[PDB]
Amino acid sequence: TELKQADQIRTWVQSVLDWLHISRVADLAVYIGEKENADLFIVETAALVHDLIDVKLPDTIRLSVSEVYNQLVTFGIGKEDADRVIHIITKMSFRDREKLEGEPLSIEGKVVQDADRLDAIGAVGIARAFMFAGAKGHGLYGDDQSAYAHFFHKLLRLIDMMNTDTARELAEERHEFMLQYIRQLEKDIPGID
């Protein structure tokens, strides 16, 4: 029954969307949730739908909290599960959540937040940061909105904001690679700093 529901939710979210990012985060959250003894169905479902309500979305695609909730109930998902998924997605998406350092999140929420931050670092994070700059018309370097300045202002600090022990061990290799990339960039572009 749970393999059917997860498939229904995966289809529904794919048709709406970006998908590649969310699919990747869903898979990484289930891996961490396994090592962290989290409820795995909760972890996967919330990872698949947490972006659906995000404010950084146009009004044409952005669903409300009630709309997502009712869709889960219509898919057949139980009351305890629905509520817990809603708790995760609301606690991740209020303004300046970062002030509370993922402390109000349950173990399931923590795991979903960690996968999200892991997707923003290493080789994949480097890629996403530069795509974003290209999409928003920002520069490579030499500027406070540039992708280069985003490394020092945000991306290199993320390793110290992980919630779970497994996420912290997974971050070490990714963070190390960013430094090697920055190093290579600094000799590819003499005077970048």
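In this text, residue numbers run from 1 along the sequence as written.
According to the PDB entry, the deposited sequence runs on from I182 to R183 with no residue lacking coordinates between them. Stretches 152 to 160 and 52 to 60 differ in mean CA B factor, with 52 to 60 having the higher one. Higher average CA B factor: 61 to 69, of the stretches 29 to 37 and 61 to 69. When all modelled residues of the chain are sorted by CA temperature factor, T74 is found within the highest third. Among the modelled residues of its chain, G137 has a C-alpha B-factor that falls in the highest third according to the deposited record.
Ranked against the other modelled residues of its chain, the C-alpha B-factor of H21 as given in the entry falls in the middle third.
The PDB entry assigns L100 a C-alpha temperature factor belonging to the highest third of its chain's modelled residues.
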